[PDB]
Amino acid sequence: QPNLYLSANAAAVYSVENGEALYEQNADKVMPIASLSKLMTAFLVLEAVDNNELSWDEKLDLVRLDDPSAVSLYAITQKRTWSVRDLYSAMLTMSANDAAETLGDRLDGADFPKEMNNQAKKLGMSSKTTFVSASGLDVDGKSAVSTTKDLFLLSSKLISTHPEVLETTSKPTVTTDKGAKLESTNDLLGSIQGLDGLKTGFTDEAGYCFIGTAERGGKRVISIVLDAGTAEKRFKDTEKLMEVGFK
């Protein structure tokens, strides 16, 4: 294993072909993951469409967040009603917390965190992973937590089960049918060849986090960065991890 000098406190990169570690640092350490939880919500949304339980065209009113200063789709647009499709894009591109919570409530109401943790178990994530909400926001003072190993297993399961997730996470901007522009938080899109995902997150406690995925020559790698120092440094660590991934 090479010696990287990452900003991140915990980090890794894995090959999807065999799941094997190409670089690992604190890969078993339980870490706050915040907005990365929205990948589980996306997965459960996609499962529900395949299972004939959710329509992409259903219109839903955004649920109201307790904190106004939270990053929310409603704050930016002043529009309450959105299709399931647009809420899912809004969740994945701009990390809209109210979008994620609206999808969680529609899927299972108050039991949605249990469904998230049920699915975590199905996908092979260890018991150190705990989801608390569809958006990744704290609930009753409890935080969503995971490990870079469990995040890898979740991400590759998401991409292998629902490859169309990347059709959304590869776009620097998603334009809805009615013309709303939803800007991705993934500034590495277009900077690294093959890069088409996956999800950013940030809290004071979690630091700056990003799950990256790229594919070249039939080889896919997934990179995990938790608790980088700045929004830019999580992408610098990811650039470093991707080079190790495609060596």
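Take the two forms, superpose them, and find the largest set of C-alpha atoms that agree within 1.5 Å; that set is the rigid core. Don't overthink the numbering: it's just position in the shown sequence, from 1.
For the pair 178-186 and 191-199, rigid core superposition yields a higher RMS C-alpha distance in 4 other deposited structures of this protein in 178-186. Between the stretches 109-117 and 94-102, it is 109-117 that shows the larger average CA temperature factor.
The mean Cα B-factor in the deposited entry runs higher for 218-226 than for the other of 38-46 and 218-226. Between the residues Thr77, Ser89, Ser156, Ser83, it is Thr77 that shows the highest Cα B-factor in the PDB record.
Per the PDB record, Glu205 has a higher Cα B-factor than any other of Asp196, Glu58, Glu205, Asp187. Among the modelled residues of its chain, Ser135 has a C-alpha B-factor that falls in the lowest third, as given in the PDB entry. Sort the chain's modelled residues by C-alpha temperature factor and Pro68 lands in the highest third, per the entry. In this PDB entry, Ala12 carries a Cα temperature factor that places it within the middle third of its chain's modelled residues. In this PDB entry, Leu151 carries a Cα temperature factor that places it within the lowest third of its chain's modelled residues. Among all modelled residues in its chain, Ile211 ranks in the lowest third by Cα B-factor.
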